[PDB]
Structure formats: structure tokens, C-alpha cells
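Asks: Residue numbers (the deposited numbering), protein chains in the order written: chain C, 346 to 424; chain D, 350 to 424; chain F, 350 to 424; chain E, 350 to 422; chain A, 347 to 425; chain B, 351 to 421.
First, the structure itself, so that you have it in front of you.
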Amino acid sequence: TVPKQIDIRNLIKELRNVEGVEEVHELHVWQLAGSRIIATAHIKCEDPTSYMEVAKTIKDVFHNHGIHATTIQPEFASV
Amino acid sequence: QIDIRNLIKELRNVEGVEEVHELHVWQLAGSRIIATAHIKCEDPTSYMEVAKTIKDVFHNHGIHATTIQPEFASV
Amino acid sequence: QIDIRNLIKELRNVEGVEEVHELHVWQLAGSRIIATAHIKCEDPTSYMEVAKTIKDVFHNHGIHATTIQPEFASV
Amino acid sequence: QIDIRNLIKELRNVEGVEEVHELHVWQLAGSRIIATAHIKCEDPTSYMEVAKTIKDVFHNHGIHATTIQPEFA
Amino acid sequence: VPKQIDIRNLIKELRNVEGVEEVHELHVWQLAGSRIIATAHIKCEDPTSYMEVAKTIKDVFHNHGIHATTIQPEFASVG
Amino acid sequence: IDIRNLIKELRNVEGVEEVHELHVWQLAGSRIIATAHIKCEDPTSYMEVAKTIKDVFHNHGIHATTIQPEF
Ligand SMILES: [Zn+2]
Ligand SMILES: [Zn+2]
Ligand SMILES: [Zn+2]
Ligand SMILES: [Zn+2]
Ligand SMILES: [Zn+2]
Ligand SMILES: [Zn+2]
Ligand SMILES: [Zn+2]
């Protein structure tokens, strides 16, 4: 039941590559017992509206690595 | 052992918060308590303000690393 | 829309520039190249100081017409 | 799709906006519309006040991604 | 005649510290007689998180032989 | 610039309990940077005095600063 943090190749690159994603930090990928991988990340975006637009794309990036449960914290640009 | 019961009540209590799910509070490390949650809100208006309040709630419970995913109905 | 190699690297390399995003370079009819970017600095004062350097970076690539949105850590 | 001419009028019409130039609206592939503009105000303080309104003006025209260069007197 | 250096990976290692939300304005200077000093701005969730991560950051610098640092903390929240 | 007057003005700022490790550097292309460690009551006081400190430096033409608070 004790989770172990793994390091998926290219994941952060693909995330940084998503249109609308201005920066990525605090990416964590965990192996829960019984094969279930989850991930969290903080993502910088222009504003709340842009986040709504890119949330799906981000989730797809994770889904491409077989990851179905994510928690993404958006942080927003500050003029 | 945390006080998850009280924590989730206070989180549900924050103005702008319509619903809270996928709350996880971890202290797996030799130390450092982390928390994640998903939070439903009507729309992005005052999101900055509601994010801050949520973060405060966690801080008041000694939780200082958090990742909060908002889900918005509208806007 | 073009892709100028090294441009974003050179921009990120300018002293006082904390971050660059949303860089876009356009070719208007077969001649006039325009560029737009968001640029993070410490604060408004730092931005004023580095604006000329940033403009030079663009100028070194033949770009004379820019639209720059400054974003700030502080102030 | 949109109307640049009406858009610029609405932008110039925002209280505190002293001048709008270099307004461009781009259609990127896959439906994504971007807009850039230079906008003059009296000073930084006035700009902060009108920034939100400007963003709304763009939003009202279905434009979600903007780059705005403020200029001052 | 002091000069800026670029220690490889340093900003990566700093950004990699758990609880670091952002690093900017990193400067590493070579002072005469071999003495390397460093400055940085480091963003954290709040004061409490910063106290926890300050030691780790100091270690990161120490691993590169750097003993004298001036680190400006920036917080998402005061509290 | 004048380090001596600068340090006086900094020590003079309300909330600043002590100042050490003040350095002012000239980077190429005219850009002056300054760093300092400052003793202050607590995080809240620091937020209040950060702006004042920044102003003090700005008054001397210094636009980029790194200030390390010690509480
Ligand atoms: Zn959810
Ligand atoms: Zn931006
Ligand atoms: Zn202009
Ligand atoms: Zn973050
Ligand atoms: Zn900073
Ligand atoms: Zn040592
Ligand atoms: Zn000290």
C-alpha cells in the first residue's frame, strides 16, 4: 500500500510541449499497489479560461502513458 | 493520523467551493505532509481568491505543500 | 508563422528576463516580419531597463515590429 | 468570422484607453484565434484598471489568447 | 574584476528540490582567491514550507562547493 | 554610488533590525545589482518592509536586488 515515486521518460517534455502550458513543476508520478499509476503536477497558464481549454490536452498527455488519475494545479500569469 | 473529517468540512465550507473530491493527505516520507484535492466551482471568477482560501484551510491544519485542481462548471 | 531558431534562447538569456512564453513570429506578405511575446521580469522597473535589450535581440534577427506583454514576479 | 473594424472601435471605446494601434487578429489552425495590440493609457495605474475590461472585449469576440503591450503618457 | 560563472545543472537541481515552486535571478560569482558565492530568488508555498526547504537548498549549493549564499524567498501565501 | 550612505538609509528603514553582507555589483551593460541580508521580526514584517527596502535601492539607481531576510 506504500507508494513509490517513478520517473516516466519524456513526460515532462510532452507536458511542456502542450500548447497553452507556460511552465511545469512539481511533477510527481506514483505507483500505487496493484499496478495503478497516478500523477500530479503544477502547470503555469495564462489564466483560468486558458486552463479549462488545455485541461483535456494535459489529461491526454498523461493518458498516452496509461495514466488515468491526475491532479493538476494551474497557476496563472500576473501582469 | 490527521483530522481529515474536520479538514474536509472546512474545505467544503470555503466560499466558492461547490464540491470537493479526490482529497488525499500523505505523510509517507520520514517527514513532510502533502495534500491534493479536486474542487468544483461555478466559474473562474474570483478563482484566485478561492484558491487562496483553500490553501489557508490546509495551512491551518499544518499542511504546507498542496496541489489543488479546480474544475469549473462555466466560463 | 515562422520559426526563428535560437530566438527564444537568446531572449531567455537576456539579463533580467525571468521567463519567456507565447513567442510568435509572423511573416506578413513575403517581407515584413512581426513578433509578439510575453516576458516575465521582477517588476515594472526591471522591465523598463531590459526593454531595450529585448528589442535588440529581436533586431538582431531583422525584426523591427514587436508587441511585448510584460508580466511581473512582484510590484 | 470576427470584425477587426468593430473590435478596434469597442477597444478604443473602453474608458481610460487613449489609443489602440498595431491590432492584429490571427487564425491559427485548429480554430485557435489569437490577438495582439498596443494600447496607450495615461499611466501604469490607469492600465491596471482597464486591463480586465480590454480582456473582456476580446473574450466577447471569442478571442481567448491575447498579447497586450501597454504604452503610457 | 569579479565574473559570473555557469555551474552546470545547478538551476535544474534547485528547481528539483521538493517544495520549490520557482527559481529565478540565480547568479553565481567567482571572487578572487577561489571563493564562489551565489544569489537566487526562490518561490515557495508559504513561510513554513520555505523553512523546511531552505536547508535542502543550502545543501544543493554546498554540493557545488558554495558556502556563501543570499537567497530571497518569495511566497505564494503568507500563511 | 555610496555604500556608506546606502547602508545608513537601509539601517534606517522601519522594521530593519540589522543589515550584513551588503554587496553592490556592476554587471556589463550598465546593470547594477545589489544583495543584502536583513534581520526582521517575522515573515509578515518582512512583506511590509520589502517594498521600502527596494525603494531605498531604487533611489540609488539600483533596480535589481536580492534580499535575504533572517527572522
Ligand atoms: Zn476531479
Ligand atoms: Zn503570459
Ligand atoms: Zn506601439
Ligand atoms: Zn506550483
Ligand atoms: Zn524574485
Ligand atoms: Zn563545506
Ligand atoms: Zn546572514
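Where is the CB? At the ideal position from N, CA and C, for every residue including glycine.
Please list, in chain order, all residues of the same chain as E391 of chain A whose beta carbon is under 8 angstroms from its beta carbon, the five residues on each side excluded.
Replies: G365, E367, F421, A422 and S423
Asks: Can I403 of chain F and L372 of chain F be called in contact, C-beta distance under 8 angstroms?
Replies: Cβ atoms of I403 of chain F and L372 of chain F: not closer than 8 angstroms.
Asks: What is the rounded straight-line gap between the Cα of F407 of chain C and the Cα of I417 of chain C?
Replies: 11 angstroms
Asks: Please list, in chain order, all residues of the same chain as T346 of chain C whose beta carbon is under 6 angstroms from its beta carbon, the five residues on each side excluded.
Replies: Within the same chain, Cβ atoms closer than 6 angstroms to the Cβ of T346 of chain C are found at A378, the five residues on either side in sequence being excluded.
Asks: For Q376 of chain E and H410 of chain E, I'd like the C-alpha separation in whole angstroms.
Replies: 13 angstroms
Asks: Which bits of chain A does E364 of chain B rub up against, with CB to CB less than 9 angstroms?
Replies: Chain A residues near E364 of chain B: none, gap ~18 angstroms exceeds 9 angstroms.
Asks: Using 8 angstroms as the threshold, is the C-beta distance between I412 of chain B and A384 of chain B below it?
Replies: yes
Asks: If I'm right that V374 of chain A touches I382 of chain A with Cβ under 8 angstroms, what's the distance once you round it to whole angstroms?
Replies: 6 angstroms
Asks: Under DSSP, the alpha helix (DSSP H) around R381 of chain C begins and ends at which residues?
Replies: Run containing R381 of chain C: none in the alpha helix (DSSP H); it sits in the beta strand (DSSP E), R381 to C390.
Asks: For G425 of chain A, return the contacting residues in chain D, with the cut-off set at a CB-CB distance below 7 angstroms.
Replies: Simply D405 and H408.
Asks: For chain A, check one thing: does any of its Cβ atoms lie closer than 8 angstroms to the Cβ of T415 of chain D?
Replies: Yes, its Cβ sits closer than 8 angstroms to a Cβ of chain A.
Asks: Using C-beta distances below 6 angstroms, list every residue in its chain close to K389 of chain F, excluding the 5 sequence neighbours before and after it, in chain order.
Replies: Sequence-distant partners of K389 of chain F (beyond 5 residues in either direction) whose C-beta falls short of 6 angstroms from its own C-beta, in its chain, are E367, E368 and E420.
Asks: When you compare only the Cα positions, how much space is there between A386 of chain F and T415 of chain F?
Replies: 8 angstroms
Asks: Distance cutoff 8 angstroms, beta carbons only. Does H387 of chain C sit that close to anything in chain D?
Replies: yes
Asks: Run through DSSP, which three-state label would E359 of chain D get?
Replies: helix
Asks: Is the CB-CB distance between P393 of chain B and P393 of chain A below 8 angstroms?
Replies: The Cβ atoms of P393 of chain B and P393 of chain A sit closer than 8 angstroms to each other.
Asks: Which first and last residues belong to the alpha helix (DSSP H) in which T394 of chain C is found?
Replies: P393 to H408
Asks: At a cut-off of 7 angstroms, is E420 of chain D close to ligand 1 when judged by its beta-carbon and the heavy atoms of the ligand?
Replies: yes
Asks: Can a CB atom of chain B be found closer than 8 angstroms to the CB of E391 of chain F?
Replies: Yes, its Cβ sits closer than 8 angstroms to a Cβ of chain B.
Asks: With which residues is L377 of chain F paired in a DSSP beta bridge?
Replies: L377 of chain F pairs with F:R381.
Asks: Listed from N- to C-terminal order along the chain, which residues in the segment 369-382 of chain B have their beta-carbon within a distance smaller than 8 angstroms of any beta-carbon of chain F?
Replies: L377, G379 and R381
Asks: For a contact meaning CB atoms closer than 7 angstroms, what does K401 of chain D contact in chain A?
Replies: Within chain A, the residues near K401 of chain D are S423.
Asks: Taking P348 of chain C as part of the beta strand (DSSP E), name the residues at either end of that continuous run.
Replies: Note, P348 of chain C: premise wrong, no beta strand (DSSP E); not H, not E.
Asks: Using beta-carbon positions only, say whether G425 of chain A and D352 of chain D come within less than 8 angstroms of one another.
Replies: no
Asks: If we ignore side chains and look at the alpha-carbon of each, how far apart do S380 of chain B and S380 of chain F end up?
Replies: 35 angstroms
Asks: Could you tell me whether the Cβ of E398 of chain A comes closer than 8 angstroms to any Cβ of chain D?
Replies: yes
Asks: Who are the neighbours of residue 488 of chain A on chain C, taking C-beta pairs under 8 angstroms?
Replies: In this structure chain A extends from 347 to 425, so residue 488 of chain A is not present and cannot be described.
Asks: DSSP beta-bridge partners for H370 of chain F?
Replies: F:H387
Asks: Which same chain residues, not among the five before or five after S395 of chain D, have their C-beta less than 7 angstroms away from its C-beta?
Replies: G365
Asks: Quick check on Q418 of chain E - is its C-beta less than 8 angstroms from some C-beta in chain F?
Replies: yes
Asks: Between which two residues does the beta strand (DSSP E) holding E420 of chain D run?
Replies: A414 to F421
Asks: Consider the C-beta atom of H408 of chain A and the heavy atoms of ligand 6; say whether any pair is separated by less than 7 angstroms.
Replies: yes
Asks: By how many angstroms is the C-alpha of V363 of chain C removed from the C-alpha of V399 of chain C?
Replies: 8 angstroms
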